[PDB]
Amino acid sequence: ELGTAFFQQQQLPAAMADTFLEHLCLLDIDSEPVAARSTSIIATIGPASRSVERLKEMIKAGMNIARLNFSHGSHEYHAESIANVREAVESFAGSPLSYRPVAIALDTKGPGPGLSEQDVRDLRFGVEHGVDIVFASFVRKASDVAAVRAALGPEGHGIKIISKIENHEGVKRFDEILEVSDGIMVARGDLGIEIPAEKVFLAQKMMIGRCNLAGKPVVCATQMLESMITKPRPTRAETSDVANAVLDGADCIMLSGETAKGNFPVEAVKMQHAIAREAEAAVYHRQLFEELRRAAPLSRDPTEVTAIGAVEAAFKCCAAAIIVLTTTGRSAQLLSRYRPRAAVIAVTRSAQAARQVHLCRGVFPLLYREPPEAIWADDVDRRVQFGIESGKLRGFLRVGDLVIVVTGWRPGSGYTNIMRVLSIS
């Protein structure tokens, strides 16, 4: 029905293994990855990656989120970076095969006894310029997150706050920080100076694990492909680090100086893309899914209940994709927390939600711009078919494939409760 060749690709022999030891033993360098790359790439924008033409190359290479480091540059400089990013993104708004939404993240300068005057001003700039994410520097306690939240003024409550853990206090107060944050960034640069360098891997693995348990995005950052700032190829330790961040459970991987000031920004994005695809296929879904399953508490929220049912159904038939209709991105996030091997194609009318779902591993956003149908059920089918036709166009789907479709019983956010098994025609 699928062929012997299908079961030799994307580490399927290693995925069938009964133990983790057998899984490692069955990893094959000749087993090619087939699924789309699911770990998002955050690229820091700087002199090496600011031009509209250079940004088009980086979008094509795999950049999903553009990071603006507010430790350097003026508001005028960053507004120009935003405009250049938006111009390069909208240059693909014709052909859907190349049109991909790109998120814009503001990385704050940091504190000091409270939120800094500069941080308050930069956060206000982010709201005024419609940024999607804030990477809040040096978060030490829950009250730091609340201060950043307060600063996202009256109009920026939809912006996602990703708290950067950069010191011992942040590591120790992690649970209270994650509870009030949208996600976490393992800011290894400062963390490696604040705590012993040989202890950073424990902090990374712990934080990634707790974020996977909570179902919140986690970013692995700093010195991932450091040598690529000057050299065209990375070291053996660097490719290993990227692969292990993906295997650890990181939703996003980041490039700092590699894309901001280095000689090979596009090549660094291409390298992260190549390694992430390989590492995602090497994930031991058998144990991962059962552990996520057992660790997740019982839920009476129909979205959460539908998400696990959909991911279970996708594994049962080797579904090509899970197509989900989402207004805020939440239904796609709850599918993503169970780490399916199937791509989560999220169809949304919210341009912000389409940009923000790049924070979640395996979510492929589609922005729907069609005029609404008079009958709601008709409008729902039109978006499901949009997901299928885009999936076909991009290579995710083919006729005869099975897809899982996640929808809700009534319009508006918060009513996801339906899972359909559909044959692609």
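C-alpha atoms forming the largest set that superposes within 1.5 Å between two forms make up the rigid core. All residue numbers refer to positions in the sequence shown, first residue = 1.
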After superposing on the rigid core, which of 365-373 and 381-389 has its C-alpha atoms sitting farther from this form in 9 other deposited structures of this protein?
365-373
Would you mind working out which of 332-340 and 91-99 sits farther from this form in 9 other deposited structures of this protein by RMS C-alpha distance, with the rigid core as the fit?
91-99
Might you work out how many residues are unmodelled in the deposited sequence between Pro111 and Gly112, and answer none, 1 to 3, 4 to 9, or 10 or more?
1 to 3
Name the higher of the two by mean Cα B-factor in the PDB entry, 95-103 versus 240-248.
95-103
Mean C-alpha temperature factor, higher of 413-421 and 8-16
8-16
Among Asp119, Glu166, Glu179, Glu226, the highest C-alpha B-factor in the PDB entry belongs to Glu226
Of the residues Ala48, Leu359, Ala374, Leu366, the one carrying the largest Cα B-factor as recorded:
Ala48
Quick tally, chain-level thirds of C-alpha B-factors: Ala313 sits in the lowest
Sorting the chain's modelled residues by C-alpha B-factor, tell me whether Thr348 ends up in the lowest, middle or highest third.
lowest
For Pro154, the third of its chain into which the C-alpha B factor falls
middle
Which third of the chain does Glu267 land in by C-alpha B-factor: lowest, middle or highest?
highest
When the modelled residues of the chain are sorted by Cα temperature factor, does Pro302 land in the lowest, middle or highest third?
lowest
